[PDB]
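Inspection log for the structure reproduced underneath, given as structure tokens.
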Amino acid sequence: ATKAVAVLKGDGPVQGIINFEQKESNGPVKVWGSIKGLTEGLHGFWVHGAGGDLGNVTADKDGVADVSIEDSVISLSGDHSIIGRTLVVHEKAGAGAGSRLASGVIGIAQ
């Protein structure tokens with residue numbers, strides 16, 4: 001089964017791993033991961049280049065904002081592929097200003 005993984009990196013301690021599931025074109029691809037480091041708050045996470053729609057995430061007291069979205073016909077490939085994409089987490093979603101703190105390109109994990 002073809003899978004993918006992308007790690008986040010910014011100030012240093014901030015991390016963010018996102019695993020994917022792509023067995024076949026017929027099979028969907030659900031996105032999910034966990035961003036640790038930052039503190040409780042809001043950090044709009046998404047994938048620039050591939051929809052860029054992955055809702056927002058709220059950090060925890062320990063400093064971990066779990067991420068969970070729905071699967072699409074992307075199939076981790078094709079026109080709607082998210083392999084090698086560019087991830088970016090805003091400083092504080094809700095306003096709509098725009099800023100780049102961390103980043104983590106997607107990479108097939110087989």
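Chain labels run A, B, ... following the order of the structure tokens; each chain numbers its residues from 1, and ligands are numbered from 1 in the order shown.
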Original post:
Skipping near chain neighbours, those fewer than 4 positions away, what residues fall within 7 Å of residue 87 (chain A) using only C-alpha atoms, listed as a ChimeraX atom specification?
Top reply: /A:46-48,103-105
Subject >> Close residues, residue 63 (chain A) itself excluded, 8 Å, only C-alpha atoms, min 6 positions apart in chain, as number ranges by chain >> reply: A: 36-40
Since we have the selection now, will you write its residues out, keeping N, CA and C atoms, as a PDB file, in the first residue's frame?
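Below you can see result_4.pdb, which holds the result:
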ATOM      1  N   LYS A  36       3.151  18.916  17.560  1.00  0.00           N
ATOM      2  CA  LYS A  36       3.588  19.189  18.924  1.00  0.00           C
ATOM      3  C   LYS A  36       4.576  20.350  18.956  1.00  0.00           C
ATOM      4  N   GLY A  37       4.779  20.917  20.142  1.00  0.00           N
ATOM      5  CA  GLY A  37       5.700  22.029  20.285  1.00  0.00           C
ATOM      6  C   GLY A  37       5.009  23.300  20.739  1.00  0.00           C
ATOM      7  N   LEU A  38       4.247  23.911  19.839  1.00  0.00           N
ATOM      8  CA  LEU A  38       3.531  25.142  20.151  1.00  0.00           C
ATOM      9  C   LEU A  38       2.675  24.971  21.403  1.00  0.00           C
ATOM     10  N   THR A  39       2.039  26.057  21.831  1.00  0.00           N
ATOM     11  CA  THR A  39       1.188  26.027  23.014  1.00  0.00           C
ATOM     12  C   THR A  39      -0.286  26.106  22.635  1.00  0.00           C
ATOM     13  N   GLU A  40      -1.157  25.958  23.627  1.00  0.00           N
ATOM     14  CA  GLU A  40      -2.596  26.012  23.394  1.00  0.00           C
ATOM     15  C   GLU A  40      -2.967  27.236  22.561  1.00  0.00           C
TER      16      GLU A  40
END
Sort by chain and increasing residue number a table of all residues of region 48-100 of chain A within 7 Å of region 11-28 of chain A, each with its closest pair of atoms and their distance in Å to one decimal, counting only C-alpha atoms, and write it as a tab-separated table.
residue	atom	partner	partner_atom	distance
A:71	CA	A:28	CA	5.7
A:72	CA	A:28	CA	5.6
A:73	CA	A:28	CA	5.5
A:75	CA	A:25	CA	5.4
A:76	CA	A:22	CA	6.0
Wanna dump the region 22-51 of chain A-region 90-93 of chain A contacts at 7 Å for me, each residue with its shortest atom pair and the distance in Å to one decimal, counting only C-alpha atoms, ordered by chain and number, as a tab-separated table?
residue	atom	partner	partner_atom	distance
A:42	CA	A:92	CA	5.2
A:43	CA	A:92	CA	5.3
A:44	CA	A:93	CA	5.0
A:45	CA	A:90	CA	6.9
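Note that the spacing between CA of residue 83 (chain A) and CA of residue 4 (chain A) amounts to 7.2 Å.
Each of A:29, A:95, A:89, A:5 was compared to residue 65 (chain A) using only C-alpha atoms, and A:89 turns out to be the nearest.
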Subject >> Option closest in space to residue 35 (chain A), from A:102, A:51, A:78, A:69 [counting only C-alpha atoms] >> reply: A:102
Subject >> Which of chain A fall in strand (DSSP E or B), as a ChimeraX atom specification >> reply: /A:2,4-7,9,17-19,22,29,32-36,42,45-48,58,64-68,72,86-89,103,107-108
